[PDB]
Structures are given as structure tokens and as C-alpha cells.
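In what follows, chains are A, B, ... by sequence order, proteins preceding strands, each numbered from 1.
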Protein chains: 2
Amino acid sequence: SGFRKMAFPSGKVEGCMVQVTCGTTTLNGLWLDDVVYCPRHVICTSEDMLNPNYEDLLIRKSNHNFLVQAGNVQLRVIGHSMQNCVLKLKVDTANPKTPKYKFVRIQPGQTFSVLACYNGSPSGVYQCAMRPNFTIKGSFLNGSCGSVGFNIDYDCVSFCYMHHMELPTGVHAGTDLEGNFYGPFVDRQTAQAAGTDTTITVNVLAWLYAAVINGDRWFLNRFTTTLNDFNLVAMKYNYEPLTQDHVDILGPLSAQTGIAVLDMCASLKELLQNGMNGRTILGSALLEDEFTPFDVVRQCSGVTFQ
Amino acid sequence: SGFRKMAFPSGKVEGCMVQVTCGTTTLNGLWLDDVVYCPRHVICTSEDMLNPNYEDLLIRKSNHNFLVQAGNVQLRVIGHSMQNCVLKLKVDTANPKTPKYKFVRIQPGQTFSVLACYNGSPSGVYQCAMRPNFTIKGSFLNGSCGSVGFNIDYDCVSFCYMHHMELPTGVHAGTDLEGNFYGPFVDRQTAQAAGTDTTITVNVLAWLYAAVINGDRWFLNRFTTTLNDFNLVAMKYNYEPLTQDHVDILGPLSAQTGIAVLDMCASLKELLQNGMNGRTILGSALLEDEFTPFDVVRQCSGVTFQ
Ligand SMILES: *C(=N)[C@H](C[C@@H]1CCNC1=O)NC(=O)[C@H](CC1CCCCC1)NC(=O)[C@@H](NC(=O)C(F)(F)F)[C@@H](C)OC(C)(C)C
Ligand SMILES: *C(=N)[C@H](C[C@@H]1CCNC1=O)NC(=O)[C@H](CC1CCCCC1)NC(=O)[C@@H](NC(=O)C(F)(F)F)[C@@H](C)OC(C)(C)C
């Protein structure tokens, strides 16, 4: 019993974190086999930030311009390449602590775990969602760039995020591990805003199922509703539409609790309409949307990793 | 910017987790040097749970009754000992992934990180506080016993918690790593309840400082109040008294924000009196108390580990 924003154990990822230094700019890199991934804006200078041309910036670099620490050990870069917005620095040493790993590009709504790092040294680990506006409500200070987000699946680290920038609204923007930004953001210091965010409806539903699994049951009703009619209420309250594919993902949870999916939809409808009346679901006074149906099942059933 | 329930990276602790099996009972153990710590109720049987006498239960065991997996590798117990409520199983192999480590017994109010484990395999990592009633609002399923809680301080893992049991109210009880329960709980399957909990006042204050550091500032006032008068309002709302020693710990934060400690006390007083008016502090619709002043400074300043 109990329900926490639970992050994957971060050991597999801690042993891949390294410092990368070009000129006056120090940020984090990720070390897999004999390659170090980091945000390409490490090659920028204080005056190269307004509209940087990374292609000319990078033709002008030689390998020894890249200082890479793995701890107190000094790695040697033997070649560099740019893939979208990430630097791939081929180094002479293969990381022996490389886990089995994949690069995945995740859909808005999925969650991942973030290992926040500074100078190649992990600081902390927390759980994030990729918001519908392809930003993340993260916790990131100066020098946090290059920290990654990831999921673990038995033994494989699916890296899904690298951190690049903080937006004026305080949310965060970055890329998959092939350097494509999530969302329409660019690695330029120009005006960019986050864009209207919505609530991840299917996750709110999965969290309400977690509640039923953990003993809260006050928010239910004998009402039901159609999918069409549910979406009409959702969009008013700035929720994402719920698809039939969402309903199907929420199947196992529906069946474990005996609450039909369109029934939990009627519960949420009433919750959005009437509020929580100053009660709390799972110790939360807000409808929580950063838990996927996978997450709920991982936590309320007890899935491990090797 | 941003503020998350941030757990310490758990790599150092993942490499200490092991499975421990006596008879029909499998639970987690912690492996430091050549010793495996686990809850002593692993030697219990289904009928030995009402008022177990662990001394007679343990004189009757021989070493080979203890099956210890470190992964797919099978450890050999060469001796056993009971220290309070924990088994110390001396094994023939020293754990090579033993970090520098301390056992500390923490005061209510401190927080730690929990690595939830099943069959010796870590499942997830989240951040807990030791509540004033010496329970923890954790997330724990069957077989989670032996999972530890811990803090990291540069390179040293200060283990502070082992998990033993879930209480009827769904909160969790366990011990320090020398086997003394936090609180008045015993490892017996008899009636025990959690006891009235209070809110960790100094932490609520430190979180409000985190808010000021991260841009929220709506909850302040030109009011001030005396310590005496603040405690009078606190105890009404079931908050802990705030001591002068609390005020001093909150010094660095006071000085980083220029909000006198007794001024943030006047802010909280008004917040407890008038509510939040359906606003949110740091994305939270509740006064959050599971962040120590240390935590806020770690996260809003960026402290790392090696
Ligand atoms: C990298 N380590 C760092 C991480 C930032 C710093 C504080 N919190 C973070 O998440 N990233 C940057 O500082 C980054 C610099 C880089 C320069 C070349 C172009 C690509 C980005 N920039 C930012 O995060 C800034 N934001 C923007 O410029 C944006 F366009 F609005 F996104 C950031 C410094 O600006 C404020 C002050 C946070 C609004
Ligand atoms: C150990 N792996 C396990 C972890 C529990 C199971 C589910 N969530 C957890 O945190 N611990 C126990 O099941 C433990 C068994 C042990 C037996 C000998 C005496 C010491 C404890 N017992 C409990 O957590 C039970 N609680 C109690 O008996 C208590 F006295 F109220 F604390 C638990 C199984 O009881 C309910 C059903 C959770 C109320």
C-alpha cells in the first residue's frame, strides 16, 4: 500500500554521466560505449548565443577543444559529429558500465525519470511527464544541461530525454538522444514560449484507478457517460481528449477494479465539475496527471528490474 | 528553476540489495562488506507471527537455512546474529560494491530516500520523511521488507531506515540499520496503530522559502509575529512547535531571501488561517512538509555527490 511519484533506480544511468567542457562552457554528457552525447550548445560562446550557426561553429573546433571527465579520469576525444542538436564525441575508452540501452522518442503523456547532474556528478533523481506542449516541469539549475531522462524495462535503459534549456515560464525543453527537440523549440537564445498546456486525461484516470486500488473510493458514482459526452466536459476544463485507444490501455486497470472505463470517466467528470470539496485523493488536493497506466500497474503490482 | 521531490541517486544502494530466504519467507537484505542485514521476521513462519520469540526461533536455525541471492549468484552464510530487530548474516563474500557508509538514526522531520525492492531487485526510488509519529507514508507491497532508506553526503551513504511492516492505516514502520524501531512499534502481528501525526512545521517553512527562491511570492505579508504567538496558532492546526533551533537552521534561507524567519512564520499563520484560496505553491494545493531546510538548499543551490 501507498502511492508515490516513483522513479526508476538510477544506478545504470549514474555510471554513464560525465563532464564535457568546451572553452568557458561546462555541462553534462552521456557516455555509452565509446561515444559521449551532450547538447551541441557546449560549443557556443557568450556572443554566439543569439543565432548560433553550429555548422560553422563546429568546423572550427578540433578534438582537443573537448575536455571530457569521467570522474577524476580524463577522457580523450578522437572525433566529433553533430546529429540534430546533440554532439556525438567518439572517445578512445568504451564505458565499461554501459547498460543495455535504447534511444526512444516518447509521445506526450509518457513519463520518465530524470537524473539531475552537475559537472558529471548526479545530484538527484525525480519523475517527470512530457507535457502535451512538449515541455517538462523539471528541476534544473545552471550546468544541468546534458542530464538525461529515461525509463527502465527489465534490464534495458530506454533513454528518452536530454536537457537543453529553461523557458521563461520555468519549464524545461530538450531533445531525444538523437538531438531532435521535443516541441517546436530551438537551441537559440531568442524568444520562445511554452504554448498552452493541457491535462493528460488518461493519466488522471489511471491515477484515480490507483486510488481505488489503494482504498480511496469516495469519488465514484453510479453515473456513467459516453465517450463523446466525456470529451465535451474535458475540453472545457482544458483536458486532452480521451480516445478509444486510451480506453483500451486503461483496460487492465478497469478489470482489476471492476470499475468500467466509462464509469471512471463519469467520476472524473463530476470531480472536474464539483471539485474535491477540500478532500484529497492519494494524499493530493489536485487531480494528478503525471502517472501513466503503466506507472500505476508498475507501482500497485510491484514490477522490478535487472 | 523548478522544485521536485528529489531523491538521491540510488546507484550506491542498488549494488547492496540482495534476496534473503528462510523457509517459505522471501524478503530483501542489505549487503555491506561481508554482512547481510535483513528484518529478523524472515525466520518467522505463518503460525509464528502472533507473539514470536525470535531468540528461540533463531537458536533453532542453522546457517544453511538462510538462502541469499546476490543476483543469479548464490551467497553462503557462515554465521548469524540478531541485533535488536535485524538479522546480521555474515557471508563468505565481501560485497565489492560496498560504498562508504554510515548507519545513522534520524530524528522525526528528517527526510530520506527509499529504494523499493522485491526479491533483491530494486523496483523504484522515492523521497520520504520520518513523520512525527515515527511512521513513513511510503509505497510498499508484499516482499518489500528489507528495502532501506538513506541519505547521501558527498560519497557516504548514511543508511537510516529498514522496512518491516505496513500498519492498518497504510503507513509504514521499520527500523534503523541496527534494528531499533522508529516509534513504539514491534515486529509482532498484533494490534498497533500509528498514533496522531502532526505537520513538520520547519519543513513547511523551508518549502515556502523554496517557493520564494523559485518565483512565487503571493503568500507573503508585512505582518510579523513572535515565536510564542506563532506556536499558539500552529498547535491549533496540528503543527509541530517551532523552536529557536528551528529558527536558526532556517537562517541561511532567511538570509538568501531577505525574509526574516519570523516573517515567513506570519505568512504561514495567514496561510493556515485563510487557506490557499485555491491557488498553488510550487504546483501544490497543500502545505508541503516533506522537504527539510537542507533539502531546499540542496535543490535550489545544486549540491552533487561522488
Ligand atoms: C544548461 N546547462 C542550461 C540549463 C538551464 C540553466 C538554468 N536552468 C536550465 O534549465 N541551459 C541554458 O542556460 C540555455 C543556454 C543555451 C544557450 C544557447 C542556446 C541554447 C540554450 N538557455 C536557457 O535555458 C535560457 N532560456 C532561453 O534562452 C530560452 F530561449 F528562453 F529558452 C535561460 C538561461 O533563460 C532563462 C533565464 C531561464 C529564462
Ligand atoms: C514484508 N515484506 C512485509 C511488507 C508489508 C506487506 C505489504 N506492505 C508492507 O509494507 N511485511 C509484513 O507483511 C509484516 C509481516 C511481519 C510478520 C511478523 C511480525 C512483523 C511483521 N506485517 C505487516 O506489515 C502487517 N501489519 C501488521 O501486522 C501490523 F501489526 F499492523 F503492523 C500487514 C500485513 O497488515 C496489513 C494487512 C497491511 C494491515
Answer yes or no: is there a donor N or O on one side and an acceptor on the other, between the side chain of B:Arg4 and the main chain of A:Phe140, under 3.5 Å?
no

Below 4.5 Å from any heavy atom of chain B, which atoms of A:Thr280 appear? Answer side chain, backbone, both or neither.
side chain

Below 4.5 Å from any heavy atom of chain A, which atoms of B:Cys300 appear? Answer side chain, backbone, both or neither.
backbone

Tell me, out of B:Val303, B:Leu115, B:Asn214, B:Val13, who's got the most heavy-atom pairs with chain A below 4.5 Å.
B:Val303

Should we say atom CG of A:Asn277 is surrounded by more than 12 heavy atoms from elsewhere, each under 6.0 Å from it?
no

To the nearest 0.5 Å, how far apart are OG in B:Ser1 and CG in A:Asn142?
11.0 Å

Note: vs chain A, highest number of non-hydrogen pairs under 4.5 angstrom among B:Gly283, B:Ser123, B:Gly11 is B:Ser123

Counting heavy-atom pairs under 4.5 angstrom with chain B, the leader among A:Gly275, A:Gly138, A:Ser144 is A:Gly138

Quick one: CD on B:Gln306 to CG on A:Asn119, what's the gap to the nearest 0.5 Å?
9.0 Å

Of the listed B:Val171, B:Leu286, B:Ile152, the one with the largest count of heavy-atom pairs under 4.5 Å with chain A is B:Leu286

Heavy-atom pair of closest approach, residues B:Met6 and A:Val125:
CG-N, 3.7 Å

Supply the atom-to-atom distance B:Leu141 CG to A:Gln299 CD, rounded to the nearest 0.5 angstrom.
8.0 Å

Largest heavy-atom contact set with chain A, pairs under 4.5 Å, which of B:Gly215, B:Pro122, B:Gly71:
B:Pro122

Name the option with the most non-hydrogen atom pairs under 4.5 Å to chain A; the candidates are B:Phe305, B:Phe8, B:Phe3.
B:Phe305

Could you have a look at B:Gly2, B:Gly124, B:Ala285, B:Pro9 and say which one has the most heavy-atom pairs with chain A under 4.5 angstrom?
B:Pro9

Enclosure of B:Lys97 NZ (heavy-atom neighbours >12, cutoff 6.0 Å):
yes

Out of curiosity, A:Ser121 OG to B:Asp155 CG, how far, rounded to the nearest 0.5 Å?
11.0 Å

Toward chain B, the part of A:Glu14 with a non-hydrogen atom under 4.5 Å
side chain

Assess whether salt bridge (charged side-chain N to carboxylate O under 4.0 Å, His left out) is satisfied between A:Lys5 and B:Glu290, documenting all intermediate values.
CA-CA 13 Å; A:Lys5 294 202 94 70; B:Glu290 286 206 335; over 6 Å; no

